[PDB]
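Notes follow once the structure below has been shown.
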Amino acid sequence: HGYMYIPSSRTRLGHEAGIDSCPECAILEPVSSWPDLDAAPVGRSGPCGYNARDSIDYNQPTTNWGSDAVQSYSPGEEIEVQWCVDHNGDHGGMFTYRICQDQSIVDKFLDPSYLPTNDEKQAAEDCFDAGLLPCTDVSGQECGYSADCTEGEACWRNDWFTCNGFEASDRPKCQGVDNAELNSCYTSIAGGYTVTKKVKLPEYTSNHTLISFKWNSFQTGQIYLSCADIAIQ
Ligand SMILES: [Zn+2]
Ligand SMILES: [Zn+2]
Ligand SMILES: [Zn+2]
Ligand SMILES: [Zn+2]
Ligand SMILES: [Zn+2]
Ligand SMILES: [Zn+2]
């Protein structure tokens, strides 16, 4: 259980409006999340997530989210990105942030009077995967391989970030990455822990586009998707 925290995602904004119960409960499941990280189709979840506990489709804006950028950045700027993992929901695995460099695809997700179709949700996903923000594009950032993967498997990739080993002796799982304190970010079930990295924004402008976060579970056949509305100008 987890969701994108910084920049503030649609999921975080919905929680701030008080119209949800469980921001960390937005899940693409049951699916094959491992070791092939991109195989599972996103279905209703899309690039922004659907929260089936609270019946909220983050892919469609409201006045609370998706109708404006939450933060404006410059092309190529290195930025902090952070997600929140639930104390009782630390599944380990790998995660990534993506920007779809096709404004016309993204625009389907920016209209509060429009619900993107399942077809549009998957085409957006494929556009996001072409627009993955690699860990390796930030000079000085350590981009390791997963202790739960071996060379030769589809999880052997350091464009994605990795959580620490699920059975790691020291600082296991996702919480191990920042090793922060409990309630360093909000989750509803058992309190949250931050998971923090940097990415380099593409050399690309948009007055309103999306960063899509995807966390692929190691322990469970589950994917967690969120998105944040940004500008790159
Ligand atoms: Zn979970
Ligand atoms: Zn809430
Ligand atoms: Zn994908
Ligand atoms: Zn694949
Ligand atoms: Zn504990
Ligand atoms: Zn286009």
Side-chain angles (χ1 to χ4, degrees), residues 1-5 11 15 20-43 45 47 49-54 83-96 98-111 114 116 119-132 134 146 148-149 151-160 162-163 166 172-176 182 185-195 202 204-210 213-226 232:
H1 280 45
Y3 68 106
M4 191 186 164
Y5 211 66
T11 309
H15 169 57
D20 79 359
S21 77
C22 187
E24 77 269 13
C25 287
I27 331 188
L28 165 67
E29 64 163 342
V31 297
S32 176
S33 57
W34 197 265
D36 191 310
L37 308 176
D38 67 21
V42 293
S45 300
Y50 182 98
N51 185 327
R53 178 170 290 178
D54 296 323
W83 68 273
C84 190
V85 62
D86 187 67
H87 176 279
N88 287 358
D90 194 340
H91 310 299
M94 294 171 57
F95 64 92
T96 187
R98 302 92 53 87
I99 295 172
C100 163
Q101 296 184 39
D102 194 344
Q103 189 70 53
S104 65
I105 294 178
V106 188
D107 281 348
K108 293 185 167 188
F109 293 85
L110 311 183
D111 182 347
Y114 183 71
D119 280 11
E120 286 164 347
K121 279 170 183 187
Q122 194 60 56
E125 174 71 12
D126 303 337
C127 179
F128 287 111
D129 299 330
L132 190 151
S146 170
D148 299 313
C149 187
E151 198 175 10
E153 301 185 275
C155 47
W156 203 261
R157 54 191 290 194
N158 71 350
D159 52 342
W160 281 62
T162 184
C163 288
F166 183 72
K173 308 167 184 179
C174 298
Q175 186 271 347
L182 183 66
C185 56
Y186 177 80
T187 68
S188 74
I189 285 157
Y193 293 100
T194 55
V195 189
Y204 174 70
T205 51
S206 187
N207 74 131
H208 184 181
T209 189
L210 294 173
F213 159 76
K214 184 164 181 288
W215 171 30
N216 270 58
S217 178
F218 174 78
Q219 165 199 226
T220 60
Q222 289 179 317
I223 299 173
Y224 300 80
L225 290 133
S226 319
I232 310 177

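The chain is numbered in sequence order, starting from 1. All values below come from the heavy atoms of this structure, side chains included, with hydrogens, waters and symmetry mates left out. Counting starts at 1 for both ligands and their atoms, following the listed order.
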Going by atom types alone, do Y224 and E29 pair a side-chain donor with an acceptor below 3.5 Å?
no
For the aromatic rings, using the six-membered ring if either is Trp, is the centroid distance between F95 and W83 under 6.0 Å?
yes
Give a yes or no answer on whether the side chain of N216 reaches the backbone of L37 with a donor-acceptor pair at less than 3.5 Å.
yes
Looking just at side-chain N and O atoms, do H15 and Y3 make a donor-acceptor pair shorter than 3.5 Å?
no
Degrees at the Zn ion (ligand 1) between the OH atom of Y224 and the ND1 atom of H1, nearest 10°
100°
Regarding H1 and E24, do their side chains bring together a donor and an acceptor under 3.5 Å, going by distance alone?
no
Name of the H91 N, O or S atom nearest the Zn ion (ligand 1)?
NE2
Is the side chain of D90 donor-acceptor paired with the backbone N or O of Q175 at a distance under 3.5 Å, no angle test?
yes
For the Zn ion (ligand 6): protein N/O/S atoms at distances below 2.8 Å
2
Partner of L132 under side-chain contact (heavy atoms from CB on, under 4.5 Å), chosen from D159, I99, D38:
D159
Sub-2.8 Å protein N, O or S atoms surrounding the Zn ion (ligand 4):
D36 OD1, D36 OD2, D38 OD1
Any side-chain heavy-atom pair of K108 and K121 under 4.5 Å
no
Side chains of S104 and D102: do they bring a donor and an acceptor to under 3.5 Å?
yes
Donor on one side chain, acceptor on other, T209 and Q103, under 3.5 Å:
no
